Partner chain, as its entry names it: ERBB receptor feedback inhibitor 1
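Single chain ahead, written as structure tokens, the form deposited without the partner chain.
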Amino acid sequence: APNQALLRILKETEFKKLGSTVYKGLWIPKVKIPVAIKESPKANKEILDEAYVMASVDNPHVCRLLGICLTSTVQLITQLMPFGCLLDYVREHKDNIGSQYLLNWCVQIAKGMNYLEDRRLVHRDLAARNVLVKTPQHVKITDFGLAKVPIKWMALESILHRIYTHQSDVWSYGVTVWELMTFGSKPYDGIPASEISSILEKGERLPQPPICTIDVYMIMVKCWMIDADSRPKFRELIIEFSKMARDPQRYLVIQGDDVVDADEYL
């Protein structure tokens, strides 16, 4: 099927500039769009591969590409996510994240990944750092630099044979949920990356997070099966976490539980 996605090229005089470079700015084509601008031939060839992917996806739980600017430096312009990556957010707000937010985030990430699977697209880098927060009630998947290596998030098949599937993304989804349920802990913290391949082969997995019932930890374990086709599908993960979002305290035990956004500029 032909990929009739549009690549928008923006004037540099429309922007008015966060991490290193990514910047916070406004895009004024009477409308002001809060945006994030990201400034050798290797660098330009890879950032255009990323713009190709983001321009070809359109889903409420996937980061939208607004355009590229062709100046001395190739600049990517995306929707500004004011609350950051989900990894920093869960670390800075542990004392205030409820089970409702955690389970709903798991639903939204699975929806975004299920859409990426419909697009016949493998992310290859699903992680808590690569999930941005529009509002605490709305997250989106980002960073498609490897979307067609971080060993601690990869399936065993990706480590050994460099094989990547939608089901290897499911493994990365399992680690991402584990980062959230541990409020931002580091997977296999301390263990050198060269030893991860031996550990997984022996049968060991990431531990059960303290706030997780066996229901939630069972889903993570299923994402980490050696047999990729035995791991759950993203459409099933949506269904499972959505049921748990209807009674969150039953599955997560936690103590004390003219500016227009890009989503409206279509």
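Residue numbers count along the first chain shown, from 1.
What follows is about the form deposited with the partner chain bound, which we do not show.
*Asks:* With a 4.5 Å heavy atom cut-off, would you call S172 a contact of the partner chain in the deposited complex?
*Replies:* No, no contact at 4.5 Å.
*Asks:* Hey, in the deposited complex, does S168 get a heavy atom within 4.5 angstroms of the partner chain?
*Replies:* Flag for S168 set to no.
*Asks:* Taking the shortest heavy atom distance, is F144 within 4.5 Å of the partner chain in the deposited complex?
*Replies:* Output for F144 is no: heavy atoms all beyond 4.5 Å of the partner chain.
*Asks:* Does the partner chain come within 4.5 Å of any heavy atom of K38 in the deposited complex?
*Replies:* Outside the cut-off, so no.
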